[PDB]
Every structure is written in C-alpha cells, then in structure tokens.
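**Student:** Below: one structure in structure tokens.
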Amino acid sequence: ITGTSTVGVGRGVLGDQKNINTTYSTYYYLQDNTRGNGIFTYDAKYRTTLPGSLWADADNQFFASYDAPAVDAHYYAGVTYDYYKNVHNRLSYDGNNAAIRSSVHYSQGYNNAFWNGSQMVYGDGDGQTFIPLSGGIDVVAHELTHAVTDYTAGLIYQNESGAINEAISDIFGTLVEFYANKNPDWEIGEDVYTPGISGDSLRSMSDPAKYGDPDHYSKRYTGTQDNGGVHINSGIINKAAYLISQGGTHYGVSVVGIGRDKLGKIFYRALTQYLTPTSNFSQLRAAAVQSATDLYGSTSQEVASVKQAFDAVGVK
Ligand SMILES: O[C@@H]1[C@@H](O)[C@H](O)OC[C@H]1O
Ligand SMILES: O[C@@H]1[C@@H](O)[C@H](O)OC[C@H]1O
Ligand SMILES: [Ca+2]
Ligand SMILES: [Ca+2]
Ligand SMILES: [Ca+2]
Ligand SMILES: [Ca+2]
Ligand SMILES: [Zn+2]
C-alpha cells in the first residue's frame, strides 16, 4: 500500500521487544519500505488460503499474543535480507530486490514452515511440538534461503540434489543466526522446538547422529520417504560444512577449521556459480573445491580443508 514509512514496536514469540518497520495509511501495516521493493507480512487467519490479508494494526504497537508471530516473521525477514545484501552483495532472493512476503497463522496447529515457490508460510505449531515457527531466526533464514536456491542453482527437491538443497538452507540459516548474534549455535530450530524440553533441537549440524541423521555417506538413507530423505541425508552435508568452519576429527579424518565467513563465501559461490538442478553430493564437492580455489588458490589451506571435510563424511 502507499503511505508513510515509520517504525513500530512490539514483542516477538519469545517475549523479546523489538522495533519493526511499518507503513502508515489510516492503519499501520507490516510493510517495510526500507529494504528493496518491500517486506510484506500477512495474516492467514488460521486458514490455508494465501497470502491472506496484509497485516493491519490500529496503533503501531504489537504487544498482543496474536501479534507475536507476525512481529518475528517481519523482523527476521529484514535481518536475512540484510545478511545477503551486506555479506554477499545480493539484493533479495532473486538478486533484483524482489518483494519478500510472509504469511503467519497458517492453518491450525500446523507444525511446519515453508517456501511455496512465491512466499514464506509459517504455522503456529501445536504448542507441544512447536511454538510459532517464525520465532526461530534460523527457521526464517532457512526458508528464505530456499528462495535464493530456487533462483540460482534450482536444485530439485528429491534425492541427493534435494538433500543439498536442504543443507544449504540449514547452513545459511545458521550463518544468519550467527550474523544477528542471537544465541548462535550449530543446531536447527532450537528456539521454537519442544517448549517443554530444554537443550534439544530439530537437527544438529555439529552432530547429526544425535537425532538419528547420518553423518557419513555410508549411512545415507536410500528409501523413498521424505522425497528420498532430503531432510535426513542433509546431515551428511551439514556435518561437512560444520567441519570446514570449526574443524575436528571425524571417523579418523582431521579437518582444520577455516571459520564461518570463509564457509559462507565458498558455499555461496558454489551455489550461484557451479551447482545445477541435478547436482549430487560428488558434484557439490567439486563445486566447493573449485569455489575455494577461485577465492583462495589451488594450494591454499582453504582448499585443503574443504577436501578433508568431504573426505571425513565419505563424499568423493
Ligand atoms: O485475540 C485474537 C484477535 O486479535 C484476532 O484478531 O482473532 C483471534 C483472537 O484470538
Ligand atoms: O494467537 C495464536 C494462537 O492461535 C496459537 O495457538 O498460539 C500462538 C498465538 O500467536
Ligand atoms: Ca496494536
Ligand atoms: Ca540459537
Ligand atoms: Ca540455531
Ligand atoms: Ca525444546
Ligand atoms: Zn527446508
């Protein structure tokens, strides 16, 4: 909508207070004009028709319980936009400042979030398995990164290319969590997952096997569930990414860590320059080695650590 840009205040899913960019035109709308062609947050009103209604508020204060998922969806979309612009010089998910749209209050008791090809969608959770999923910055950045992938490598969402697709979203979801310095870790979804159980998460990049996901190519899932295990076999790539950044010894192979920033540069270059819709794990290794070579040289420690990490998880 057309109107005057301003700043509102509210509280997010976890009770933290934050400022949010809004637009004033009779109502205050969750429309952020400061980032590209805009960030728009919609109310799905417990239905499944999308996008719903552009979020309208009478007084520019968002402290109601019903407001919390919208505040966080809106705010964390902005942080993720900032990450890609400031760190990778990318303007929104299409590289041309496409508008970012999110809908919250999707369905009833819906324990998931997703990119549907055009926008982000967030359930409120059932209060037991999940609380509203926009409360996790790594979740929001995970979903928005699916849009980046769709507009770049276009990895098909099945089998090995789909597991790469999932891992990319976990990797950059985590790097955004570190970028915002919001209690960062190498776990996925810990802030919104099982509010009754402390210390757990949906997936672990540092130790995928903690939750039964494979940490080595020999342990990959080969069945048909989960589109061929796109959320399961991502653990193999997640572990490799963790080893590249932090280092360690895994199945007897030692990796020297090179840090989060170089991990991000290497995988972003592989995603945007070398990966294709049908890339498999072996081709991801080649893309990451080539990207490390482009950036740091064929004889660099960086190239060495990429090779070691994929050796450690058994990807040749
Ligand atoms: O309080 C909530 C209200 O803000 C929303 O608009 O509709 C559902 C209610 O529970
Ligand atoms: O009002 C929402 C409620 O419907 C849901 O159950 O928990 C999250 C709240 O935002
Ligand atoms: Ca209000
Ligand atoms: Ca965290
Ligand atoms: Ca996390
Ligand atoms: Ca928990
Ligand atoms: Zn995903």
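How things are named: the first chain in the structure tokens is A, the next is B, and so on; residues count from 1 in each chain; ligands count from 1 in the order shown.
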May I have all residues of region 61-199 of chain A that DSSP, computed from the backbone, assigns to strand (DSSP E or B), given as a list in words?
**Tutor:**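 Answer for region 61-199 of chain A restricted to strand (DSSP E or B) is residues 61, 62, 100, 101, 102, 103, 104, 113, 114, 115, 120, 121, 122, 130, 187, 188 and 193 of chain A.
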**Student:** Could those selected residues go to a file with C-alpha atoms, as a compact mmCIF listing (two decimals), in the first residue's frame?
**Tutor:**
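Output below, filename result.txt:
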# COMPACT_ATOMS: atom_id res chain seq x y z
CA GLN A 61 2.11 -1.27 18.82
CA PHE A 62 2.30 -5.06 18.51
CA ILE A 100 9.57 -10.64 0.35
CA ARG A 101 6.16 -11.89 1.52
CA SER A 102 5.35 -14.00 4.59
CA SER A 103 2.05 -15.26 5.98
CA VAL A 104 1.61 -16.25 9.62
CA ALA A 113 7.04 -23.56 7.77
CA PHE A 114 7.84 -23.47 4.08
CA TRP A 115 8.58 -21.54 0.91
CA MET A 120 7.07 -17.88 3.08
CA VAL A 121 4.41 -19.56 5.23
CA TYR A 122 4.53 -20.14 8.99
CA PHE A 130 6.42 -26.35 18.15
CA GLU A 187 21.58 -26.53 15.88
CA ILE A 188 18.41 -26.03 13.82
CA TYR A 193 11.08 -26.70 19.08
**Student:** Excluding same-chain residues fewer than 2 positions from residue 56 (chain A), what lies within 9 Å of it counting only C-alpha atoms, as a list in words?
**Tutor:** residues 27, 28, 29, 30, 42, 43, 53, 54, 58 and 60 of chain A
**Student:** Given the selection you just returned, output its residues as a file containing C-alpha atoms, formatted as a PDB file, in the first residue's frame.
**Tutor:**
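Wrote it out as part_1.pdb, contents follow:
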ATOM      1  CA  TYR A  27      -3.820   1.788   9.587  1.00  0.00           C
ATOM      2  CA  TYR A  28      -0.237   0.821  10.366  1.00  0.00           C
ATOM      3  CA  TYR A  29       0.743  -2.049   8.070  1.00  0.00           C
ATOM      4  CA  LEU A  30       3.540  -4.598   8.387  1.00  0.00           C
ATOM      5  CA  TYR A  42       0.202 -11.175   6.030  1.00  0.00           C
ATOM      6  CA  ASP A  43      -2.384 -12.701   8.353  1.00  0.00           C
ATOM      7  CA  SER A  53      -4.655 -10.011   4.486  1.00  0.00           C
ATOM      8  CA  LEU A  54      -1.800  -7.540   4.737  1.00  0.00           C
ATOM      9  CA  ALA A  58      -4.527   0.481  14.642  1.00  0.00           C
ATOM     10  CA  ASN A  60       1.592   0.751  15.611  1.00  0.00           C
TER      11      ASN A  60
END
**Student:** Taking only C-alpha atoms into account, name the residue in A:258, A:306, A:313, A:14 that is nearest to residue 217 (chain A).
**Tutor:**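 For residue 217 (chain A), the nearest of the candidates is A:313.
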**Student:** Could you give me, as a PyMOL selection string, every polymer residue with an atom at most 6 Å away from an atom of ligand 4, counting only C-alpha atoms and all ligand atoms?
**Tutor:** chain A and resi 183-185
**Student:** Can I get the selected residues back with N, CA and C atoms, as a short mmCIF file (atom, residue, chain, number, x, y, z; two decimals), in the first residue's frame?
**Tutor:**
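The resulting file, out_7.cif, is reproduced below:
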data_model
loop_
_atom_site.label_atom_id
_atom_site.label_comp_id
_atom_site.auth_asym_id
_atom_site.auth_seq_id
_atom_site.Cartn_x
_atom_site.Cartn_y
_atom_site.Cartn_z
N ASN A 183 22.05 -15.76 20.28
CA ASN A 183 22.36 -17.03 20.95
C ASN A 183 22.75 -18.07 19.90
N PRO A 184 23.80 -17.82 19.13
CA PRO A 184 24.07 -18.66 17.96
C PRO A 184 24.62 -20.03 18.33
N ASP A 185 24.35 -20.99 17.45
CA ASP A 185 24.75 -22.37 17.64
C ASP A 185 24.73 -23.07 16.29
#
**Student:** Mind listing the residues within 6 Å of ligand 2, only C-alpha atoms and all ligand atoms counted, as a PyMOL selection string?
**Tutor:** chain A and resi 65-66+68-69+124+132
**Student:** Within 10 Å of region 267-281 of chain A, which residues of region 49-165 of chain A come that close, and what is the closest atom pair and distance in Å for each? Count only C-alpha atoms and give it as JSON lines.
**Tutor:**
{"residue": "A:84", "atom": "CA", "partner": "A:268", "partner_atom": "CA", "distance": 9.9}
{"residue": "A:88", "atom": "CA", "partner": "A:268", "partner_atom": "CA", "distance": 7.8}
{"residue": "A:148", "atom": "CA", "partner": "A:272", "partner_atom": "CA", "distance": 9.0}
{"residue": "A:149", "atom": "CA", "partner": "A:271", "partner_atom": "CA", "distance": 7.2}
{"residue": "A:150", "atom": "CA", "partner": "A:277", "partner_atom": "CA", "distance": 9.0}
{"residue": "A:151", "atom": "CA", "partner": "A:272", "partner_atom": "CA", "distance": 9.0}
{"residue": "A:152", "atom": "CA", "partner": "A:272", "partner_atom": "CA", "distance": 5.4}
{"residue": "A:153", "atom": "CA", "partner": "A:276", "partner_atom": "CA", "distance": 4.8}
{"residue": "A:154", "atom": "CA", "partner": "A:277", "partner_atom": "CA", "distance": 4.7}
{"residue": "A:155", "atom": "CA", "partner": "A:277", "partner_atom": "CA", "distance": 3.9}
{"residue": "A:156", "atom": "CA", "partner": "A:277", "partner_atom": "CA", "distance": 5.3}
{"residue": "A:157", "atom": "CA", "partner": "A:277", "partner_atom": "CA", "distance": 9.0}
{"residue": "A:158", "atom": "CA", "partner": "A:278", "partner_atom": "CA", "distance": 9.4}
{"residue": "A:159", "atom": "CA", "partner": "A:280", "partner_atom": "CA", "distance": 8.5}
{"residue": "A:160", "atom": "CA", "partner": "A:280", "partner_atom": "CA", "distance": 5.2}
{"residue": "A:161", "atom": "CA", "partner": "A:280", "partner_atom": "CA", "distance": 5.2}
{"residue": "A:162", "atom": "CA", "partner": "A:280", "partner_atom": "CA", "distance": 8.8}
{"residue": "A:163", "atom": "CA", "partner": "A:281", "partner_atom": "CA", "distance": 8.7}
{"residue": "A:164", "atom": "CA", "partner": "A:281", "partner_atom": "CA", "distance": 7.2}
{"residue": "A:165", "atom": "CA", "partner": "A:277", "partner_atom": "CA", "distance": 9.5}
**Student:** Would you mind listing what lies within 7 Å of residue 214 (chain A) as a PyMOL selection string, with only C-alpha atoms counted and same-chain residues fewer than 5 positions away left out?
**Tutor:** chain A and resi 208-209+219-220+232-233+235-236
**Student:** With N, CA, C and O atoms retained, write the just-selected residues as a PDB file, in the first residue's frame.
**Tutor:**
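What follows is the written file again.pdb:
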ATOM      1  N   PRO A 208      24.891 -34.605  13.652  1.00  0.00           N
ATOM      2  CA  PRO A 208      23.578 -35.039  13.143  1.00  0.00           C
ATOM      3  C   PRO A 208      23.086 -36.339  13.751  1.00  0.00           C
ATOM      4  O   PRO A 208      21.872 -36.509  13.922  1.00  0.00           O
ATOM      5  N   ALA A 209      23.990 -37.263  14.087  1.00  0.00           N
ATOM      6  CA  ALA A 209      23.585 -38.563  14.612  1.00  0.00           C
ATOM      7  C   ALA A 209      22.869 -38.450  15.949  1.00  0.00           C
ATOM      8  O   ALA A 209      22.172 -39.389  16.351  1.00  0.00           O
ATOM      9  N   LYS A 219      26.209 -44.118   5.571  1.00  0.00           N
ATOM     10  CA  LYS A 219      24.999 -44.259   6.366  1.00  0.00           C
ATOM     11  C   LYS A 219      23.805 -43.540   5.751  1.00  0.00           C
ATOM     12  O   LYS A 219      22.791 -43.356   6.431  1.00  0.00           O
ATOM     13  N   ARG A 220      23.895 -43.140   4.486  1.00  0.00           N
ATOM     14  CA  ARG A 220      22.830 -42.360   3.874  1.00  0.00           C
ATOM     15  C   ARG A 220      21.553 -43.183   3.756  1.00  0.00           C
ATOM     16  O   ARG A 220      21.582 -44.409   3.619  1.00  0.00           O
ATOM     17  N   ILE A 232      16.930 -35.894   5.822  1.00  0.00           N
ATOM     18  CA  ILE A 232      17.714 -36.880   6.556  1.00  0.00           C
ATOM     19  C   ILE A 232      19.156 -36.805   6.077  1.00  0.00           C
ATOM     20  O   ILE A 232      20.079 -36.577   6.867  1.00  0.00           O
ATOM     21  N   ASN A 233      19.355 -36.985   4.772  1.00  0.00           N
ATOM     22  CA  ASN A 233      20.699 -37.021   4.209  1.00  0.00           C
ATOM     23  C   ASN A 233      21.361 -35.653   4.178  1.00  0.00           C
ATOM     24  O   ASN A 233      22.560 -35.573   3.889  1.00  0.00           O
ATOM     25  N   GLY A 235      22.124 -34.202   6.717  1.00  0.00           N
ATOM     26  CA  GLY A 235      23.080 -34.283   7.809  1.00  0.00           C
ATOM     27  C   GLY A 235      24.500 -34.517   7.336  1.00  0.00           C
ATOM     28  O   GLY A 235      25.452 -34.031   7.953  1.00  0.00           O
ATOM     29  N   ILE A 236      24.664 -35.260   6.239  1.00  0.00           N
ATOM     30  CA  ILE A 236      25.998 -35.526   5.708  1.00  0.00           C
ATOM     31  C   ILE A 236      26.656 -34.230   5.258  1.00  0.00           C
ATOM     32  O   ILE A 236      27.836 -33.984   5.538  1.00  0.00           O
TER      33      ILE A 236
END
**Student:** Could you list, as a PyMOL selection string, all residues that come within 12 Å of ligand 6? Count only C-alpha atoms and all ligand atoms.
**Tutor:** chain A and resi 127-131+136+187-203
**Student:** Got time to write the residues from that selection, N, CA, C and O atoms, as a PDB file, in the first residue's frame?
**Tutor:**
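Result file again_0.pdb:
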ATOM      1  N   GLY A 127       1.814 -26.016  20.082  1.00  0.00           N
ATOM      2  CA  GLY A 127       2.160 -25.679  21.446  1.00  0.00           C
ATOM      3  C   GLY A 127       2.924 -26.752  22.189  1.00  0.00           C
ATOM      4  O   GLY A 127       3.437 -26.480  23.283  1.00  0.00           O
ATOM      5  N   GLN A 128       3.016 -27.961  21.636  1.00  0.00           N
ATOM      6  CA  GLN A 128       3.748 -29.063  22.243  1.00  0.00           C
ATOM      7  C   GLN A 128       5.004 -29.400  21.451  1.00  0.00           C
ATOM      8  O   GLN A 128       6.110 -29.398  21.999  1.00  0.00           O
ATOM      9  N   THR A 129       4.849 -29.705  20.163  1.00  0.00           N
ATOM     10  CA  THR A 129       5.993 -29.975  19.303  1.00  0.00           C
ATOM     11  C   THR A 129       6.683 -28.682  18.883  1.00  0.00           C
ATOM     12  O   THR A 129       7.916 -28.620  18.837  1.00  0.00           O
ATOM     13  N   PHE A 130       5.901 -27.643  18.585  1.00  0.00           N
ATOM     14  CA  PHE A 130       6.422 -26.354  18.151  1.00  0.00           C
ATOM     15  C   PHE A 130       5.601 -25.233  18.769  1.00  0.00           C
ATOM     16  O   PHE A 130       4.415 -25.401  19.067  1.00  0.00           O
ATOM     17  N   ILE A 131       6.243 -24.083  18.942  1.00  0.00           N
ATOM     18  CA  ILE A 131       5.536 -22.813  19.097  1.00  0.00           C
ATOM     19  C   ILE A 131       5.696 -22.099  17.757  1.00  0.00           C
ATOM     20  O   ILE A 131       6.411 -22.612  16.884  1.00  0.00           O
ATOM     21  N   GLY A 136      11.994 -18.552  15.371  1.00  0.00           N
ATOM     22  CA  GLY A 136      13.358 -19.000  15.208  1.00  0.00           C
ATOM     23  C   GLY A 136      14.005 -18.333  14.012  1.00  0.00           C
ATOM     24  O   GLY A 136      13.549 -18.492  12.877  1.00  0.00           O
ATOM     25  N   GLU A 187      22.817 -25.769  15.795  1.00  0.00           N
ATOM     26  CA  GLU A 187      21.581 -26.529  15.876  1.00  0.00           C
ATOM     27  C   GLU A 187      20.509 -25.813  15.065  1.00  0.00           C
ATOM     28  O   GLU A 187      20.599 -24.609  14.814  1.00  0.00           O
ATOM     29  N   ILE A 188      19.490 -26.562  14.653  1.00  0.00           N
ATOM     30  CA  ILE A 188      18.414 -26.033  13.822  1.00  0.00           C
ATOM     31  C   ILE A 188      17.111 -26.083  14.609  1.00  0.00           C
ATOM     32  O   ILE A 188      16.675 -27.159  15.038  1.00  0.00           O
ATOM     33  N   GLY A 189      16.485 -24.918  14.782  1.00  0.00           N
ATOM     34  CA  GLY A 189      15.137 -24.835  15.307  1.00  0.00           C
ATOM     35  C   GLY A 189      15.019 -24.846  16.813  1.00  0.00           C
ATOM     36  O   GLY A 189      13.898 -24.946  17.328  1.00  0.00           O
ATOM     37  N   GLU A 190      16.132 -24.724  17.538  1.00  0.00           N
ATOM     38  CA  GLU A 190      16.107 -24.923  18.984  1.00  0.00           C
ATOM     39  C   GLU A 190      15.195 -23.927  19.691  1.00  0.00           C
ATOM     40  O   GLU A 190      14.657 -24.238  20.760  1.00  0.00           O
ATOM     41  N   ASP A 191      15.004 -22.732  19.126  1.00  0.00           N
ATOM     42  CA  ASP A 191      14.245 -21.699  19.823  1.00  0.00           C
ATOM     43  C   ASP A 191      12.739 -21.944  19.810  1.00  0.00           C
ATOM     44  O   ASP A 191      12.041 -21.439  20.696  1.00  0.00           O
ATOM     45  N   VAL A 192      12.222 -22.704  18.846  1.00  0.00           N
ATOM     46  CA  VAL A 192      10.786 -22.912  18.701  1.00  0.00           C
ATOM     47  C   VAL A 192      10.384 -24.370  18.857  1.00  0.00           C
ATOM     48  O   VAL A 192       9.190 -24.680  18.789  1.00  0.00           O
ATOM     49  N   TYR A 193      11.336 -25.270  19.070  1.00  0.00           N
ATOM     50  CA  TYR A 193      11.079 -26.703  19.085  1.00  0.00           C
ATOM     51  C   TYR A 193      10.896 -27.185  20.518  1.00  0.00           C
ATOM     52  O   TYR A 193      11.681 -26.827  21.401  1.00  0.00           O
ATOM     53  N   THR A 194       9.852 -27.995  20.739  1.00  0.00           N
ATOM     54  CA  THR A 194       9.531 -28.610  22.027  1.00  0.00           C
ATOM     55  C   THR A 194       9.743 -27.644  23.187  1.00  0.00           C
ATOM     56  O   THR A 194      10.744 -27.751  23.910  1.00  0.00           O
ATOM     57  N   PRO A 195       8.820 -26.707  23.414  1.00  0.00           N
ATOM     58  CA  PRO A 195       8.995 -25.764  24.529  1.00  0.00           C
ATOM     59  C   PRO A 195       9.056 -26.436  25.890  1.00  0.00           C
ATOM     60  O   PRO A 195       9.492 -25.800  26.857  1.00  0.00           O
ATOM     61  N   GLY A 196       8.634 -27.694  26.000  1.00  0.00           N
ATOM     62  CA  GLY A 196       8.701 -28.409  27.258  1.00  0.00           C
ATOM     63  C   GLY A 196      10.010 -29.110  27.536  1.00  0.00           C
ATOM     64  O   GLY A 196      10.254 -29.514  28.676  1.00  0.00           O
ATOM     65  N   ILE A 197      10.864 -29.263  26.528  1.00  0.00           N
ATOM     66  CA  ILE A 197      12.122 -29.991  26.653  1.00  0.00           C
ATOM     67  C   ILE A 197      13.256 -29.022  26.353  1.00  0.00           C
ATOM     68  O   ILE A 197      13.317 -28.448  25.259  1.00  0.00           O
ATOM     69  N   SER A 198      14.153 -28.843  27.317  1.00  0.00           N
ATOM     70  CA  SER A 198      15.298 -27.964  27.144  1.00  0.00           C
ATOM     71  C   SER A 198      16.459 -28.706  26.492  1.00  0.00           C
ATOM     72  O   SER A 198      16.618 -29.920  26.651  1.00  0.00           O
ATOM     73  N   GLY A 199      17.267 -27.959  25.743  1.00  0.00           N
ATOM     74  CA  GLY A 199      18.528 -28.456  25.238  1.00  0.00           C
ATOM     75  C   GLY A 199      18.460 -29.275  23.967  1.00  0.00           C
ATOM     76  O   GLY A 199      19.496 -29.801  23.543  1.00  0.00           O
ATOM     77  N   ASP A 200      17.295 -29.406  23.343  1.00  0.00           N
ATOM     78  CA  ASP A 200      17.158 -30.194  22.126  1.00  0.00           C
ATOM     79  C   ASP A 200      16.917 -29.277  20.930  1.00  0.00           C
ATOM     80  O   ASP A 200      16.819 -28.051  21.053  1.00  0.00           O
ATOM     81  N   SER A 201      16.824 -29.891  19.756  1.00  0.00           N
ATOM     82  CA  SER A 201      16.607 -29.157  18.519  1.00  0.00           C
ATOM     83  C   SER A 201      16.054 -30.119  17.480  1.00  0.00           C
ATOM     84  O   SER A 201      15.949 -31.327  17.710  1.00  0.00           O
ATOM     85  N   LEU A 202      15.707 -29.559  16.324  1.00  0.00           N
ATOM     86  CA  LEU A 202      15.162 -30.348  15.227  1.00  0.00           C
ATOM     87  C   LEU A 202      16.259 -31.152  14.540  1.00  0.00           C
ATOM     88  O   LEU A 202      16.101 -32.353  14.292  1.00  0.00           O
ATOM     89  N   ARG A 203      17.377 -30.500  14.230  1.00  0.00           N
ATOM     90  CA  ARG A 203      18.544 -31.150  13.659  1.00  0.00           C
ATOM     91  C   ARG A 203      19.790 -30.523  14.260  1.00  0.00           C
ATOM     92  O   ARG A 203      19.765 -29.389  14.745  1.00  0.00           O
TER      93      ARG A 203
END
**Student:** Considering only helix (DSSP H, G or I) as DSSP defines it on the backbone, what residues of region 8-117 of chain A qualify? List them as a VMD selection string.
**Tutor:** chain A and resid 65 to 88
**Student:** Work out how far apart CA of residue 64 (chain A) and atom 7 (O, counted along the ligand's line) of ligand 1 are and give it in Å to one decimal.
**Tutor:**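 Computing it gives 10.4 Å between the two atoms.
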**Student:** Please report the interatomic distance between CA of residue 249 (chain A) and CA of residue 211 (chain A) in Å with one decimal.
**Tutor:**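 Atom-to-atom, CA of residue 249 (chain A) and CA of residue 211 (chain A) are spaced 19.8 Å apart.
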**Student:** Please return as a PyMOL selection string the residues found within 8 Å of ligand 7, counting only C-alpha atoms and all ligand atoms.
**Tutor:** chain A and resi 114+142-143+146+165-167+169-170+231
**Student:** The selected residues should be written to file as a compact mmCIF listing (two decimals), in the first residue's frame (atoms: C-alpha atoms).
**Tutor:**
# COMPACT_ATOMS: atom_id res chain seq x y z
CA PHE A 114 7.84 -23.47 4.08
CA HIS A 142 16.25 -21.44 6.26
CA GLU A 143 13.01 -20.86 4.35
CA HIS A 146 15.10 -21.88 -0.37
CA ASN A 165 19.01 -28.03 -1.16
CA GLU A 166 18.08 -28.69 2.47
CA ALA A 167 21.67 -28.43 3.73
CA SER A 169 19.14 -23.77 3.89
CA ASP A 170 20.44 -25.11 7.21
CA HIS A 231 15.80 -33.75 5.49
**Student:** Between A:75, A:93, A:63, A:310, which residue has the minimum interatomic distance to residue 10 (chain A), considering only C-alpha atoms?
**Tutor:**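 Of the candidates, the smallest distance to residue 10 (chain A) is held by A:63.
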**Student:** What does the distance from CA of residue 226 (chain A) to CA of residue 213 (chain A) come to in Å, to one decimal?
**Tutor:**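 Interatomic distance here is 12.7 Å.
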**Student:** Which polymer residues have any atom within 12 Å of an atom of region 289-305 of chain A, counting only C-alpha atoms, with same-chain residues fewer than 2 positions away left out, as a PyMOL selection string?
**Tutor:** chain A and resi 240-249+253-275+282-287+307-312+316
**Student:** Using N, CA and C atoms, can you write the selected residues to a file as a short mmCIF file (atom, residue, chain, number, x, y, z; two decimals), in the first residue's frame?
**Tutor:**
data_model
loop_
_atom_site.label_atom_id
_atom_site.label_comp_id
_atom_site.auth_asym_id
_atom_site.auth_seq_id
_atom_site.Cartn_x
_atom_site.Cartn_y
_atom_site.Cartn_z
N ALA A 240 29.76 -31.84 7.07
CA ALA A 240 30.91 -31.37 6.30
C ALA A 240 31.07 -29.86 6.43
N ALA A 241 29.96 -29.12 6.33
CA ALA A 241 30.03 -27.67 6.48
C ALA A 241 30.52 -27.30 7.87
N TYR A 242 30.01 -27.97 8.91
CA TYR A 242 30.48 -27.70 10.26
C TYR A 242 31.98 -27.94 10.39
N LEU A 243 32.47 -29.04 9.81
CA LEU A 243 33.90 -29.34 9.90
C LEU A 243 34.74 -28.30 9.17
N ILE A 244 34.27 -27.83 8.01
CA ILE A 244 35.01 -26.79 7.29
C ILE A 244 35.16 -25.55 8.16
N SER A 245 34.09 -25.15 8.85
CA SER A 245 34.12 -23.93 9.64
C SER A 245 34.88 -24.11 10.94
N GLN A 246 34.55 -25.16 11.70
CA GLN A 246 35.04 -25.30 13.07
C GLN A 246 36.20 -26.28 13.21
N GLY A 247 36.39 -27.18 12.26
CA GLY A 247 37.42 -28.19 12.36
C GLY A 247 37.02 -29.33 13.27
N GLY A 248 37.87 -30.35 13.29
CA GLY A 248 37.64 -31.50 14.14
C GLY A 248 38.13 -32.76 13.45
N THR A 249 38.00 -33.87 14.17
CA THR A 249 38.37 -35.18 13.67
C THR A 249 37.12 -36.06 13.66
N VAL A 253 39.47 -38.79 10.29
CA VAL A 253 39.98 -37.78 9.36
C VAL A 253 39.94 -36.43 10.05
N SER A 254 41.08 -35.74 10.08
CA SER A 254 41.21 -34.47 10.78
C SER A 254 41.04 -33.31 9.80
N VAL A 255 40.24 -32.32 10.20
CA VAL A 255 39.95 -31.15 9.39
C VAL A 255 40.37 -29.91 10.17
N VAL A 256 41.14 -29.04 9.53
CA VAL A 256 41.49 -27.75 10.10
C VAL A 256 40.38 -26.77 9.75
N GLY A 257 39.80 -26.14 10.77
CA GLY A 257 38.72 -25.20 10.54
C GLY A 257 39.23 -23.89 9.97
N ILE A 258 38.44 -23.29 9.08
CA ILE A 258 38.79 -22.02 8.45
C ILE A 258 37.81 -20.90 8.79
N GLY A 259 36.74 -21.19 9.52
CA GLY A 259 35.89 -20.15 10.05
C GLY A 259 34.59 -19.99 9.26
N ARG A 260 33.63 -19.30 9.89
CA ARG A 260 32.29 -19.18 9.34
C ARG A 260 32.26 -18.31 8.09
N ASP A 261 33.04 -17.23 8.07
CA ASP A 261 32.97 -16.29 6.96
C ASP A 261 33.43 -16.95 5.66
N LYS A 262 34.54 -17.68 5.70
CA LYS A 262 35.02 -18.36 4.51
C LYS A 262 34.10 -19.51 4.11
N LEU A 263 33.50 -20.20 5.08
CA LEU A 263 32.48 -21.19 4.75
C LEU A 263 31.35 -20.56 3.95
N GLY A 264 30.88 -19.39 4.40
CA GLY A 264 29.80 -18.72 3.70
C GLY A 264 30.18 -18.30 2.29
N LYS A 265 31.38 -17.74 2.13
CA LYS A 265 31.81 -17.31 0.80
C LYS A 265 31.94 -18.51 -0.14
N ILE A 266 32.49 -19.62 0.35
CA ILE A 266 32.72 -20.78 -0.50
C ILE A 266 31.40 -21.38 -0.96
N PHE A 267 30.47 -21.58 -0.02
CA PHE A 267 29.21 -22.22 -0.38
C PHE A 267 28.30 -21.30 -1.17
N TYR A 268 28.36 -19.99 -0.93
CA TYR A 268 27.57 -19.07 -1.75
C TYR A 268 28.07 -19.06 -3.18
N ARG A 269 29.39 -19.09 -3.37
CA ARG A 269 29.94 -19.14 -4.72
C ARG A 269 29.58 -20.45 -5.41
N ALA A 270 29.65 -21.56 -4.69
CA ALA A 270 29.26 -22.84 -5.28
C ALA A 270 27.79 -22.84 -5.66
N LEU A 271 26.94 -22.25 -4.82
CA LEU A 271 25.51 -22.22 -5.08
C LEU A 271 25.18 -21.40 -6.32
N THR A 272 25.84 -20.26 -6.49
CA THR A 272 25.47 -19.31 -7.53
C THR A 272 26.26 -19.46 -8.82
N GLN A 273 27.40 -20.16 -8.80
CA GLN A 273 28.25 -20.28 -9.97
C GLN A 273 28.33 -21.69 -10.55
N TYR A 274 28.26 -22.73 -9.72
CA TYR A 274 28.63 -24.07 -10.17
C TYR A 274 27.55 -25.13 -10.01
N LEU A 275 26.63 -24.99 -9.06
CA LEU A 275 25.62 -26.02 -8.87
C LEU A 275 24.52 -25.90 -9.91
N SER A 282 28.74 -35.75 -4.94
CA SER A 282 30.06 -35.72 -5.55
C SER A 282 30.28 -34.42 -6.32
N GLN A 283 29.24 -33.94 -7.00
CA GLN A 283 29.37 -32.69 -7.75
C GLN A 283 29.41 -31.49 -6.81
N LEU A 284 28.76 -31.56 -5.65
CA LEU A 284 28.90 -30.49 -4.67
C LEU A 284 30.33 -30.37 -4.18
N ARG A 285 30.98 -31.51 -3.90
CA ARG A 285 32.39 -31.48 -3.52
C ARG A 285 33.22 -30.75 -4.58
N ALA A 286 33.03 -31.11 -5.85
CA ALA A 286 33.77 -30.46 -6.92
C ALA A 286 33.49 -28.96 -6.95
N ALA A 287 32.23 -28.58 -6.76
CA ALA A 287 31.87 -27.16 -6.80
C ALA A 287 32.51 -26.40 -5.64
N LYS A 307 38.55 -30.30 1.06
CA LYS A 307 38.81 -31.69 0.68
C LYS A 307 38.75 -32.60 1.90
N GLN A 308 39.38 -32.20 3.00
CA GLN A 308 39.39 -33.02 4.21
C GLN A 308 37.98 -33.24 4.73
N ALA A 309 37.18 -32.17 4.79
CA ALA A 309 35.84 -32.27 5.34
C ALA A 309 34.98 -33.26 4.55
N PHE A 310 35.04 -33.20 3.22
CA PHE A 310 34.27 -34.14 2.42
C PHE A 310 34.84 -35.55 2.50
N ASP A 311 36.17 -35.68 2.60
CA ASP A 311 36.75 -36.99 2.90
C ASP A 311 36.19 -37.54 4.21
N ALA A 312 36.07 -36.68 5.22
CA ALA A 312 35.63 -37.15 6.54
C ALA A 312 34.22 -37.73 6.48
N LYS A 316 33.35 -38.45 -2.17
CA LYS A 316 34.48 -38.33 -3.07
C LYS A 316 34.04 -37.75 -4.41
#
